[PDB]
Amino acid sequence: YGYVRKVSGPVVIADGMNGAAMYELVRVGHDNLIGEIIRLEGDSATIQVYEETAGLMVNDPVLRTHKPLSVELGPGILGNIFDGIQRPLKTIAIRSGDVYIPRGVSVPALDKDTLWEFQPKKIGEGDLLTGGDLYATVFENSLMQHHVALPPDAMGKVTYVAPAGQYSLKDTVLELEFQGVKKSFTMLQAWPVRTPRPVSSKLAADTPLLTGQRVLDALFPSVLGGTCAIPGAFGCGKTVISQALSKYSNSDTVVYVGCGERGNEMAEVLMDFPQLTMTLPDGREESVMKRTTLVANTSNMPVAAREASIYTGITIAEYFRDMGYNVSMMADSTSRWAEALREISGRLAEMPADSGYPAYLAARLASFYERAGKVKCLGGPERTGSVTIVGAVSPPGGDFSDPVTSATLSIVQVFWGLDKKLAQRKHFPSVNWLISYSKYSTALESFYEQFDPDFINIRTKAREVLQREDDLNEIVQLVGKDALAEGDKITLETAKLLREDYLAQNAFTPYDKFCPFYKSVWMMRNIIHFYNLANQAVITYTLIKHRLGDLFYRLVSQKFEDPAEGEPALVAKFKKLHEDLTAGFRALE
Amino acid sequence: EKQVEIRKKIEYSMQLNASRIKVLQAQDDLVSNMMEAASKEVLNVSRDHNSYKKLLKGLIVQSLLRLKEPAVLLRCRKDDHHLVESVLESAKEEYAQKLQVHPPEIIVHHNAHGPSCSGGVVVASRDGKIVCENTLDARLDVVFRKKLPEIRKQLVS
Amino acid sequence: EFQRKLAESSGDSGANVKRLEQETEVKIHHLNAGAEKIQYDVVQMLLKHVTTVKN
Amino acid sequence: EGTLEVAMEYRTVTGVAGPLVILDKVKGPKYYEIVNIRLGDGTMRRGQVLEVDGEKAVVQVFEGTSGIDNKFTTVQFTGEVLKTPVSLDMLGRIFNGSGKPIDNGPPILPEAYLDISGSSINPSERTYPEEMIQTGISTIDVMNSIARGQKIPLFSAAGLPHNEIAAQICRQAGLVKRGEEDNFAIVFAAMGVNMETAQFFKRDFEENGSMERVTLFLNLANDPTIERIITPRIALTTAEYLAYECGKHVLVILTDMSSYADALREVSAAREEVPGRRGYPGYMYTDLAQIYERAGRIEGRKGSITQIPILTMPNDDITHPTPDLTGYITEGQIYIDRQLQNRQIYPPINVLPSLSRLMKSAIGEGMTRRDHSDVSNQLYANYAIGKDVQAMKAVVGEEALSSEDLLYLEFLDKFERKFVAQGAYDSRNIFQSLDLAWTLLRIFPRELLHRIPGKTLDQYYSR
């Protein structure tokens with residue numbers, strides 16, 4: 001009920017929706033085109049139809065949905081591919097047969113006909129439950145046992161508990177009665193993209209992310225729930241780091257939200273992710289895509305879907321953290337989302353603030369970033385989840401003055417600062433140690449102290465050596481390395497060794513593909529100990545260079561030492577190399 | 001010792017904050033008890049029948065005047081529903097006396113729960129779009145915030 | 001130094017905290033007494049206003 | 001008293017667009033009447049009526065307009081402007097942006113309701129600031145001082161430790177004492193901060209032991225953007241009540257002044273108003289004035305409000321509209337240097353733009369020394385000449401610095417090394433610091449000094 005009255009391109013004015021709410025999705029026309037209610041002038045409403053509006057005839061029925069933009073969560077969310085407006089692309093291709101996306105596709109987000117092995121918890125049939133209770137668990141797949149939980153904002157005395165059996169999504173398994181009425185609950189549930197998932201309490205970020213690359217793991221640690229920004233636009237280095245995360249991160253699962261990027265890059269990512277596989281601690285091979293949910297949005301896709309894709313992905317991540325799993329969410333291009341925002345603002349005739357962006361850029365971006373952190377879950381049993389965002393910045397023209405970049409830097413905690421110059425310098429990690437910064441270093445206090453009490457001192461010394469190196473570079477460019485003091489020459493040489501071996505991790509070789517925290521910390525300790533034991537010797541710089549060349553080779557062997565040789569074996573080799581360097585430094589001097 | 005005695009200072013600060021916030025919690029609990037006693041006394045007043053009627057007529061007159069509508073839809077509790085049916089158009093005549101005007105149409109019937117309604121009148125307007133709600137229970141807790149500074153002044157020791 | 005400091009610290013802070021708690025309890029008792037004294041006067045004044053209707 | 005009346009309850013919302021809810025057929029509206037809208041789902045949120053016309057009334061809600069139905073939402077007219085229940089008990093607690101308690105404690109029992117956006121102090125009544133403040137930082141008290149009633153902000157771009165500096169000032173704050181019951185009662189507004197920074201502030205204030213005398217007004221970025229604008233108003237209302245009508249001196253701190261400005265730009269753009277520079281609203285001078293122009297010493301009362309906001313240069317440009325308006329209004333500034341921060345200086349204050357307009361009255365015979373003004377002038381002027389000497393050396397060479405220029409460069413280097421630097425908890429008193437300040441002044445020749453007369457420093461004696 002409800003007929004269109006004014007269809008002016010993207011905006012559609014329809015009478016009859018006296019009871020429509022602000023920001024409520026509504027279906028328009030025979031083709032069931034989807035649009036959002038924005039202006040509720042009088043008895044009529046205003047529908048911003050996402051898809052093409054061509055062909056609509058006046059008095060075409062408009063059907064209300066009684067729900068804002070919501071993503072249907074639950075089991076089976078993993079693995080599949082979804083658009084910005086939560087449309088399953090693979091199932092659309094299978095069912096429709098044709099290649100193109102039909103104008104008016106209505107495929108449900110999750111196939112409700114597929115059967116999952118539902119295993120209920122031992123909760124009593126006559127017990128009492130509230131929101132967030134882990135009332136059951138369903139085996140959606142291997143490696144990602146889906147701990148289904150009672151829907152938030154629902155508290156009731158349970159009446160029915162389904163047994164362990166193969167059930168469909170449309171099948172009901174739960175029913176509760178707090179008041180006189182009894183309401184049944186299914187395995188599938190919904191949540192608006194805008195409103196965040198309820199949390200009992202935000203938690204202080206304590207446990208770091210292990211990316212698998214020595215440079216980020218050591219120099220610039222990022223904690224669970226820590227915001228990260230990547231300045232990557234060309235060379236697909238951001239995609240390289242994303243693949244490294246998907247393969248080796250501590251994240252129990254990963255969500256990649258590709259919005260507004262070029263179609264060919266989306267095809268490359270969609271073909272690259274299935275190829276990648278993540279090794280288990282047991283050593284057997286298991287696909288990363290089984291634990292990864294990918295959300296793609298090309299430029300051809302509707303702009304509003306591209307804007308809302310970010311909230312869709314972050315809501316999926318919120319579901320994953322609420323079910324008590326550490327999860328990482330990667331935004332392929334925040335600048336693309338900013339472009340979508342500017343397009344929407346222009347379509348809505350908003351007053352521009354800075355370089356065409358709408359004034360509310362800061363609020364939306366800050367809210368999205370602040371929706372990620374270490375979280376105390378809702379309900380019982382008490383478990384802790386975490387969403388950490390590694391959303392990538394793609395400034396046009398490579399200028400930080402862009403408003404989106406400035407806002408992100410104001411909000412982001414860790415900025416890894418990838419530079420194309422390092423790629424031009426044949427550096428595979430391509431992480432600019434100088435222009436990048438970490439603000440979560442203090443958060444690593446307890447963790448680093450427990451792992452290695454001297455690790456904090458080692459990291460501080462390494463930062464000091466990096467600063468001394470960036471100074472000594474221009475110092476040598478001034479007159480030469482000879483004029484530098486012997487201790488200064490040792491500092492320069494040790495900084496060069498650090499950059500060549502520790503900081504620069506090839507990751508193409510099997511031995512350097514993954515660098516654990518133990519191996520990286522031991523390599524840093526060996527390098528800093530060699531540099532220190534060389535410090536008190538100053539002896540001629542050339543003389544120490546020739547006499548301690550074996551020590552330098554042994555230190556470089558720490559890079560050769562790999563977890564592929566075994567973690568205890570690598571630790572023993574690093575300890576032996578450190579002992580050999582100490583003996584060489586002490587005996588010769 | 002210098003960096004540890006800060007822990008003792010923090011412990012003292014936490015203890016003092018807990019003590020004072022507990023005192024303030026007791027204060028607010030006393031305020032809530034006062035509100036509950038006021039509600040119970042309001043119910044006791046609602047138990048009155050004869051003199052209780054004139055207050056209802058005054059409420060109807062004032063609500064009709066401040067609304068200044070040509071037709072209203074008034075709803076009352078089942079208790080005193082006979083009383084409101086008795087007062088009937090006497091309130092309309094009183095309003096026409098207050099301001100020279102033709103008395104509006106008054107329609108009375110569904111009732112809220114006795115204790116919940118606690119008397120009062122919801123005069124409202126045509127189609128229920130505009131509502132002048134005057135339940136005594138709602139009239140109270142409006143006076144409460146206004147008089148709270150006076151009560152805090154009253155609580156000297 | 002450390003032994004004298006720990007000997008001094010072991011007990012004084014706890015005694016001060018207990019004394020503060022006792023003082024807070026006494027103040028709460030006095031406040032409750034005052035509230036009990038003023039309860040009916042406050043109730044009557046509030047009741048008078050809600051009953052008070054004119055025009 | 002005139003008989004009470006219960007609030008009207010409307011349902012005639014006749015159009016919604018943007019952050020605005022349009023009503024109709026309203027009987028007796030009131031400008032800026034606070035309205036508490038209740039939706040069909042049963043949830044409630046507040047808002048202000050920004051315009052009244054005929055029987056219409058345009059309301060800008062607080063929590064956003066999402067989920068509002070043109071036929072089920074109900075609007076209620078409280079018939080009064082926004083009032084904050086200020087009371088003496090409000091000390092030692094925390095509050096949300098709107099002022100709701102968040103310290104797990106009972107709501108404030110008000111001594112008296114006070115309408116926020118309070119009337120201006122009569123200009124004749126206002127009196128000049130005359131007493132210095134011991135913030136606990138050396139470089140502020142030594143030069144570019146603060147008077148108990150003087151407003152002065154902290155300029156600091158993004159990524160600088162200005163929040164840590166504010167925390168240090170708040171914990172180390174105190175009177176010169178050259179008492180405790182009327183001592184500094186710090187009010188700490190927090191306009192749009194990150195959750196991590198909020199936890200930082202909460203922990204630092206709770207552990208400091210100053211929670212017995214400090215009230216926080218935390219407002220995160222996740223809060224509604226409009227709720228950010230009323231925060232530094234509620235804070236100043238409470239400060240006014242505590243200082244003027246309760247006596248104790250207040251040292252108000254506002255954080256992220258730029259965030260308040262951003263909150264204003266967003267609201268104004270939603271309202272579709274005439275834009276000033278950079279798209280900021282034209283009347284922002286007025287609304288920054290209504291915030292800043294409150295601290296001061298009223299004559300009839302012994303209280304005193306001191307204003308220490310913290311700005312953030314958006315593009316690290318002092319020419320941005322927000323710092324421009326601030327510097328127009330705020331009576332001085334303290335400047336923090338990014339380059340000095342890169343030089344690994346914990347208090348990276350750049351003394352070249354750091355000036356206090358009321359320092360002339362902060363100094364005197366009651367406090368400081370007779371050579372304080374002259375020492376400040378010399379250490380403020382010779383630094384610029386040393387910077388010019390450094391520039392000339394850079395554009396020519398090392399030999400360019402002559403026998404006079406080299407002295408200026410050495411003075412600049414030693415000044416950046418010794419005087420400016422300070423410990424994370426350094427309460428370096430004025431005299432011990434001024435001794436080395438005169439040492440720096442005497443690095444340059446004792447007779448080449450142009451502006452200062454030698455007799456003024458001769459009143460002081462070395463060692």
# chains A, B, ... in the order shown; residues from 1 in each chain; ligands from 1
call {"tool": "residues_around", "arguments": {"residues": "residue C:16", "least_positions_apart": "4", "cutoff": "12 Å", "atoms": "only C-alpha atoms", "output": "number ranges by chain"}}
result
B: 8-9, 11-13, 15-16; C: 9-12, 20-23
call {"tool": "interface_residues", "arguments": {"of": "chain A", "to": "chain D", "cutoff": "6 Å", "atoms": "only C-alpha atoms", "output": "list in words"}}
result
residues 18, 19, 20, 21, 22, 23, 39, 40, 41, 42, 351, 353, 359, 360 and 367 of chain A
call {"tool": "residues_around", "arguments": {"residues": "residue B:121", "least_positions_apart": "5", "cutoff": "8 Å", "atoms": "only C-alpha atoms", "output": "mmCIF file with C-alpha atoms, in the first residue's frame"}}
result
data_model
loop_
_atom_site.group_PDB
_atom_site.id
_atom_site.type_symbol
_atom_site.label_atom_id
_atom_site.label_comp_id
_atom_site.auth_asym_id
_atom_site.auth_seq_id
_atom_site.Cartn_x
_atom_site.Cartn_y
_atom_site.Cartn_z
ATOM 1 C CA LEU B 56 -11.834 17.375 39.243
ATOM 2 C CA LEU B 59 -9.039 20.491 36.503
ATOM 3 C CA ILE B 60 -11.573 20.107 33.690
ATOM 4 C CA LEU B 74 -12.129 13.391 28.113
ATOM 5 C CA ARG B 75 -11.334 10.024 29.706
ATOM 6 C CA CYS B 76 -11.690 9.222 33.409
ATOM 7 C CA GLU B 133 -2.987 15.403 30.519
ATOM 8 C CA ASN B 134 -3.945 16.252 34.109
ATOM 9 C CA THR B 135 -3.820 13.071 36.192
#
call {"tool": "residues_around", "arguments": {"residues": "residue B:21", "least_positions_apart": "5", "cutoff": "10 Å", "atoms": "only C-alpha atoms", "output": "PyMOL selection string"}}
result
(chain B and resi 15-16+26-27) or (chain D and resi 89+92-93+103-106)
call {"tool": "residues_around", "arguments": {"residues": "residue A:409", "least_positions_apart": "6", "cutoff": "10 Å", "atoms": "only C-alpha atoms", "output": "CSV table (one decimal) with C-alpha atoms, in the first residue's frame"}}
result
chain,number,residue,atom,x,y,z
A,228,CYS,CA,45.2,1.2,12.0
A,229,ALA,CA,45.5,3.3,8.9
A,393,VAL,CA,43.6,5.7,3.6
A,400,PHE,CA,47.9,14.6,4.0
A,403,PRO,CA,40.2,16.3,5.1
A,415,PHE,CA,49.5,4.6,11.3
D,158,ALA,CA,47.1,17.0,16.3
D,159,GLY,CA,49.3,14.4,17.7
call {"tool": "decode", "arguments": {"residues": "stretch 231-245 of chain A", "atoms": "N, CA, C and O atoms", "output": "PDB file, in the first residue's frame"}}
result
ATOM      1  N   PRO A 231      48.366   4.142   4.247  1.00  0.00           N
ATOM      2  CA  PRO A 231      48.321   5.088   3.114  1.00  0.00           C
ATOM      3  C   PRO A 231      48.670   4.410   1.792  1.00  0.00           C
ATOM      4  O   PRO A 231      49.643   4.750   1.106  1.00  0.00           O
ATOM      5  N   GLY A 232      47.859   3.427   1.414  1.00  0.00           N
ATOM      6  CA  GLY A 232      48.129   2.658   0.216  1.00  0.00           C
ATOM      7  C   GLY A 232      47.126   2.880  -0.896  1.00  0.00           C
ATOM      8  O   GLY A 232      45.921   2.694  -0.704  1.00  0.00           O
ATOM      9  N   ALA A 233      47.615   3.280  -2.069  1.00  0.00           N
ATOM     10  CA  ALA A 233      46.763   3.494  -3.230  1.00  0.00           C
ATOM     11  C   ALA A 233      47.250   2.807  -4.496  1.00  0.00           C
ATOM     12  O   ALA A 233      46.421   2.508  -5.365  1.00  0.00           O
ATOM     13  N   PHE A 234      48.546   2.544  -4.635  1.00  0.00           N
ATOM     14  CA  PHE A 234      49.093   1.904  -5.820  1.00  0.00           C
ATOM     15  C   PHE A 234      50.086   0.828  -5.402  1.00  0.00           C
ATOM     16  O   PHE A 234      50.683   0.895  -4.325  1.00  0.00           O
ATOM     17  N   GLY A 235      50.254  -0.170  -6.270  1.00  0.00           N
ATOM     18  CA  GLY A 235      51.158  -1.268  -6.012  1.00  0.00           C
ATOM     19  C   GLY A 235      50.558  -2.430  -5.258  1.00  0.00           C
ATOM     20  O   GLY A 235      51.235  -3.455  -5.099  1.00  0.00           O
ATOM     21  N   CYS A 236      49.319  -2.305  -4.779  1.00  0.00           N
ATOM     22  CA  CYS A 236      48.608  -3.387  -4.096  1.00  0.00           C
ATOM     23  C   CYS A 236      49.343  -3.859  -2.844  1.00  0.00           C
ATOM     24  O   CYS A 236      49.119  -4.973  -2.364  1.00  0.00           O
ATOM     25  N   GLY A 237      50.230  -3.019  -2.307  1.00  0.00           N
ATOM     26  CA  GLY A 237      50.901  -3.367  -1.065  1.00  0.00           C
ATOM     27  C   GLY A 237      49.935  -3.485   0.097  1.00  0.00           C
ATOM     28  O   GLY A 237      50.117  -4.318   0.989  1.00  0.00           O
ATOM     29  N   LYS A 238      48.896  -2.649   0.103  1.00  0.00           N
ATOM     30  CA  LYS A 238      47.846  -2.787   1.105  1.00  0.00           C
ATOM     31  C   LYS A 238      47.169  -4.145   0.996  1.00  0.00           C
ATOM     32  O   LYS A 238      46.894  -4.794   2.011  1.00  0.00           O
ATOM     33  N   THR A 239      46.896  -4.594  -0.231  1.00  0.00           N
ATOM     34  CA  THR A 239      46.344  -5.931  -0.418  1.00  0.00           C
ATOM     35  C   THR A 239      47.328  -6.997   0.045  1.00  0.00           C
ATOM     36  O   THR A 239      46.923  -8.046   0.556  1.00  0.00           O
ATOM     37  N   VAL A 240      48.627  -6.748  -0.131  1.00  0.00           N
ATOM     38  CA  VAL A 240      49.638  -7.689   0.343  1.00  0.00           C
ATOM     39  C   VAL A 240      49.573  -7.823   1.859  1.00  0.00           C
ATOM     40  O   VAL A 240      49.588  -8.935   2.404  1.00  0.00           O
ATOM     41  N   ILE A 241      49.494  -6.693   2.564  1.00  0.00           N
ATOM     42  CA  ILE A 241      49.402  -6.741   4.019  1.00  0.00           C
ATOM     43  C   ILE A 241      48.087  -7.377   4.451  1.00  0.00           C
ATOM     44  O   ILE A 241      48.030  -8.095   5.456  1.00  0.00           O
ATOM     45  N   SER A 242      47.009  -7.128   3.704  1.00  0.00           N
ATOM     46  CA  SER A 242      45.732  -7.758   4.019  1.00  0.00           C
ATOM     47  C   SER A 242      45.816  -9.271   3.879  1.00  0.00           C
ATOM     48  O   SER A 242      45.281 -10.010   4.712  1.00  0.00           O
ATOM     49  N   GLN A 243      46.467  -9.750   2.819  1.00  0.00           N
ATOM     50  CA  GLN A 243      46.656 -11.186   2.652  1.00  0.00           C
ATOM     51  C   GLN A 243      47.511 -11.758   3.773  1.00  0.00           C
ATOM     52  O   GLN A 243      47.224 -12.844   4.293  1.00  0.00           O
ATOM     53  N   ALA A 244      48.568 -11.041   4.160  1.00  0.00           N
ATOM     54  CA  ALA A 244      49.404 -11.496   5.266  1.00  0.00           C
ATOM     55  C   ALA A 244      48.590 -11.608   6.548  1.00  0.00           C
ATOM     56  O   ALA A 244      48.729 -12.575   7.307  1.00  0.00           O
ATOM     57  N   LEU A 245      47.732 -10.621   6.805  1.00  0.00           N
ATOM     58  CA  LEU A 245      46.852 -10.681   7.967  1.00  0.00           C
ATOM     59  C   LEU A 245      45.920 -11.883   7.880  1.00  0.00           C
ATOM     60  O   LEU A 245      45.824 -12.679   8.819  1.00  0.00           O
TER      61      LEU A 245
END
